[PDB]
Amino acid sequence: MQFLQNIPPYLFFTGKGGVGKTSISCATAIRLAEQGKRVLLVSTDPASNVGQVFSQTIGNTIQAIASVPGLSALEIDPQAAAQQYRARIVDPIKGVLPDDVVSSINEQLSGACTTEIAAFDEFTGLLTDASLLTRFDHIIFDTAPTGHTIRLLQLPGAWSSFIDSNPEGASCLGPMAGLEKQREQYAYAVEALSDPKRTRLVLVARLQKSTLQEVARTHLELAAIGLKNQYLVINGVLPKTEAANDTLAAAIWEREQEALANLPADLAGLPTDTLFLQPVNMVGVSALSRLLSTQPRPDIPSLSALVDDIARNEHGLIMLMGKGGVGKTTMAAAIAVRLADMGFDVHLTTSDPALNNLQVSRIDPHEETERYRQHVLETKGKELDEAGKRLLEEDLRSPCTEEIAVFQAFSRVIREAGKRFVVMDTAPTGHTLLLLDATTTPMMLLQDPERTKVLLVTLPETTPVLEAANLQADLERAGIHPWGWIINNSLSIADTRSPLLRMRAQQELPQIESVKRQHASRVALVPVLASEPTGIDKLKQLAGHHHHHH
Ligand SMILES: Nc1ncnc2c1ncn2[C@@H]1O[C@H](COP(=O)(O)OP(=O)(O)OP(=O)(O)O)[C@@H](O)[C@H]1O
Ligand SMILES: Nc1ncnc2c1ncn2[C@@H]1O[C@H](COP(=O)(O)OP(=O)(O)O)[C@@H](O)[C@H]1O
Ligand SMILES: [Cl-]
Ligand SMILES: [Cl-]
Ligand SMILES: [Cl-]
Ligand SMILES: [Mg+2]
Ligand SMILES: [Mg+2]
């Protein structure tokens, strides 16, 4: 594997939730250890499981992994770091300012942005400690910082300017005032990230058009920033020696082969390695090492049942939520189609390009975001100096900015949810709704269980379910309780003779049980489609069927 050759002292793995960042991190950690190298694996996931895979406990202290000499680990819990980070800002003014005030500021430090900034504070610590390279040859991170976070800390304005405490725009700039290291260390860290002699960035992806799109995006952003030592690792690829008998496995192998060959242009000139889809979720040194080789039904109702229940009231705001790529848009489309075929007036709204009983409102997120950014600039940038304006423009470059702008656009038609059905394929986070509420926002409507039905879409996989769970908890803090969960891309409810797909379908079981037993009131299982759910044809196939009853 090219990504394994000549790794510099700092190695970072980046990619969407569930692509396999941690697995590959551990497997690489082992490979290096067995070569006689001293390796430090840095676990950075919210609910770390690296200790589990290695059959021991790890913590905020560097401890050796007894089950593999040469390797040690360290956990950097991001939720805890965020907590301490927020508390380090608020505790000082606690008792000096009103409670509602300290309460509002605390909320401003409870979003994904504060977490990335606090996580960057930790990365900076490790990256600027030369002594570490005195003890190890390699330091491996199972997540990487975003281009957004790096930009923010490299902006001069972030150091010489300050932005008022308004309701819009700079909403997420609050964390900056929390940095306690000197400006020079953060710049040094970024310097270390941009040095190919010190840091190698590995983009983890899967052979899917949608995912490669995102990865290609990340690559460009991190490169313009200065990280040009990038490697592409395509994980979980299906071996042709499985497309043999079964028809689904053959359709999949085909879908991957097209993409694999039609890789986005930007990723083409990138050194690339592919890993194979393993039978069982790696859990030991043996299983993990096997990953780096060069050679190879649940009792849950169909989407149809969920929709029949959504259909009872005969109207309502239906919002699909979840992480990027889980299938929000497809479920939104599938739901809107079935509801319409049941004879109801349905208004589907989307933020992506794709009978008369159904109307579709397409919104371009790019222009909504710009209308928004433009608005926040006439409002706040008014008295900012140029450096500060750039800081404000980078803050309005946050994920949540688009999220907010698109919701505001949708809100234009939310008033129709009273007479009929309005289905949305994306929504802001709990944190963001709470923020907007303090500012416009139909908060009460979203919180009403009879008017709004929020659905959480996820995958029958560990990380996705975890991230889904956390989204839900955040929404609940905003008084919104998801009405049901949709587990998309399931091999369990799929027709396959392929021995490997069956072994994979069996891996989902504990994840699916998790959702039913601990995360959701209602659940729907959608199959991994043998085709691209692009036509209303295959879109109707996703739903399955629901037997009428009284
Ligand atoms: N059940 C399924 N079977 C096969 N493919 C699916 C399924 N659900 C989604 N996909 C495919 O996966 C891709 C991602 O899904 P989709 O665009 O609906 O996700 P999303 O969460 O709306 O994405 P984003 O977060 O990018 O807006 C699509 O190209 C789509 O056709
Ligand atoms: N190529 C692969 N084949 C089969 N399973 C894999 C592969 N890569 C990862 N997994 C399994 O998939 C999940 C994806 O998780 P993981 O490494 O934790 O990553 P991330 O950090 O990308 O969320 C785990 O259940 C894991 O053991
Ligand atoms: Cl945020
Ligand atoms: Cl935040
Ligand atoms: Cl019925
Ligand atoms: Mg992980
Ligand atoms: Mg979408």
Side-chain angles (χ1 to χ4, degrees), residues 13-26 43-50 53 78 82 85-86 105-118 141-143 170-176 178 204 206 208-214 217 248 251-252 255 259 303 320-334 350-354 365 395 398-400 402-403 406 424-427 429 431-432 434-435 457-464 466-467 486-491 493-494 524-535 538-539 541-543:
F13 287 88
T14 186
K16 84 179 177 58
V19 289
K21 292 179 299 301
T22 306
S23 296
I24 304 171
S25 288
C26 297
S43 177
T44 62
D45 288 343
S48 183
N49 58 157
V50 173
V53 338
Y85 193 92
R86 176 168 54 261
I105 283 174
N106 205 269
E107 179 60 52
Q108 285 182 297
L109 302 173
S110 304
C113 288
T114 296
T115 304
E116 293 306 288
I117 295 310
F141 296 84
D142 65 335
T143 63
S171 302
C172 293
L173 277 176
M176 301 300 276
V204 180
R206 294 261 176 153
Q208 170 171 64
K209 204 115 305 176
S210 177
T211 303
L212 274 343
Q213 277 290 61
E214 183 49 39
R217 214 113 59 204
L248 175 58
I252 292 177
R255 192 148 58 195
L303 209 217
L320 285 92
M321 306 190 58
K323 310 297 288 194
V326 299
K328 288 187 302 301
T329 296
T330 304
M331 303 298 88
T350 185
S351 44
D352 172 47
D395 182 59
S398 282
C400 70
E402 178 171 301
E403 162 187 303
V406 173
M424 293 171 187
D425 72 342
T426 188
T429 61
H431 165 73
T432 302
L434 285 175
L435 236 39
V457 187
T458 195
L459 304 170
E461 310 168 41
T462 55
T463 305
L466 209 73
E467 296 186 335
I486 295 177
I487 301 177
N488 187 27
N489 288 295
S490 177
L491 285 172
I493 186 182
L525 236 215
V526 180
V528 176
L529 230 176
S531 193
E532 216 60 335
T534 305
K538 286 60 65 193
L539 205 58
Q541 277 176 46
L542 287 172

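Remember, it's 1-based here, ligands and their atoms both numbered in the order they're listed. We're numbering straight along the sequence, starting at 1. Side-chain atoms are counted along with the backbone in the values below, which use heavy atoms only and exclude waters and symmetry mates.
For ligand 1, the atoms lying closer than 4.0 Å to a non-hydrogen atom of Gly324 are 25 (O). Within ligand 1, the atoms closer than 4.0 Å to a non-hydrogen atom of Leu542 are 1 (N), numbered from 1 in the order shown. Below 4.0 Å from some heavy atom of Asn488 lie the following atoms of ligand 1, by number and element: 1 (N), 2 (C), 7 (C), 8 (N), 9 (C).
The closest heavy-atom contact to atom 2 (C) of ligand 1, among the options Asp352, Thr534, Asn489, comes from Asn489. Of the candidates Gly327, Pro533, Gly322, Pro533 brings a heavy atom nearest to atom 10 (N) of ligand 1.
Here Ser351 has no heavy atoms under 4.0 Å from ligand 1, in either its backbone or its side chain. Using a 4.0 Å cut-off between heavy atoms, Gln208 contacts ligand 1 through its side chain alone, with no backbone atom that close. The residue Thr426 has no part lying near ligand 1, judged by heavy-atom distances below 4.0 Å.
Proximity of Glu214 to ligand 1 is not established, as no heavy-atom distance is less than 4.0 Å. Contact analysis leaves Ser490 out of contact with ligand 1, as no non-hydrogen atom separation drops below 4.0 angstrom.
In this structure, the protein non-hydrogen atom closest to atom 20 (P) of ligand 1 is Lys328 N, 3.3 Å. Distance from atom 3 (N) of ligand 1 to its nearest protein heavy atom, with residue and atom name: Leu529 N, 3.1 Å. Shortest contact from atom 30 (C) of ligand 1 to any protein heavy atom: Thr330 OG1, 4.0 Å. Regarding atom 17 (O) of ligand 1, its nearest protein heavy-atom neighbour is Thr329 CB, 4.1 Å. With respect to atom 24 (P) of ligand 1, the closest heavy atom belonging to the protein is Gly325 N, 3.6 Å.
A heavy-atom distance below 4.5 Å is found between the side chains of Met331 and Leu542.
In plain terms, the two heavy atoms of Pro464 and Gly17 that are nearest each other are CG-O, 4.1 Å. Contact record, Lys21 with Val204: CG-CG2, 4.3 Å, taken as the closest heavy-atom pair. Listed here is the closest heavy atom pair of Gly18 and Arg206: O-NH2, 3.3 Å. In this structure, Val50 and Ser43 approach most closely via the heavy-atom pair CG2-OG, 3.6 Å. Between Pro460 and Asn488, the closest heavy-atom pair is CD-O, 3.1 Å.
Considering backbone and side-chain N/O atoms, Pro527 comes within less than 3.5 Å of an N/O atom of ligand 1. Considering backbone and side-chain atoms alike, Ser210 places every N or O at 3.5 Å or more from each N or O of ligand 1.
If you take CD on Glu402 and OG1 on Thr426, they are separated by 8.0 Å, rounding to the nearest 0.5 Å. The CZ atom of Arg255 sits 10.5 Å away from atom NZ of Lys209, with the distance rounded to the nearest 0.5 Å.
Side chain of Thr350 to main chain of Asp352: a donor-acceptor pair is present (N/O by atom type, distance under 3.5 Å, no hydrogens or angles). Using modelled atom types, one side-chain atom of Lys328 and one backbone atom of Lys323 make a donor-acceptor pair closer than 3.5 Å. Put simply, the side chain of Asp142 gets close to the backbone of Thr44: a donor and an acceptor are under 3.5 Å apart.
At a threshold of 2.8 Å, the Mg ion (ligand 6) has a backbone or side-chain N, O or S atom of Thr22 nearer than that distance.
The closest side-chain donor-acceptor pair between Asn49 and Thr22, if any, does not fall under 3.5 angstrom.
Taking the Mg ion (ligand 6) as reference, the nearest N/O/S atom within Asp45 carries the name OD2.
Taking a distance limit of 4.0 Å, we find that atom 28 (C) of ligand 1 is approached by no protein heavy atom.
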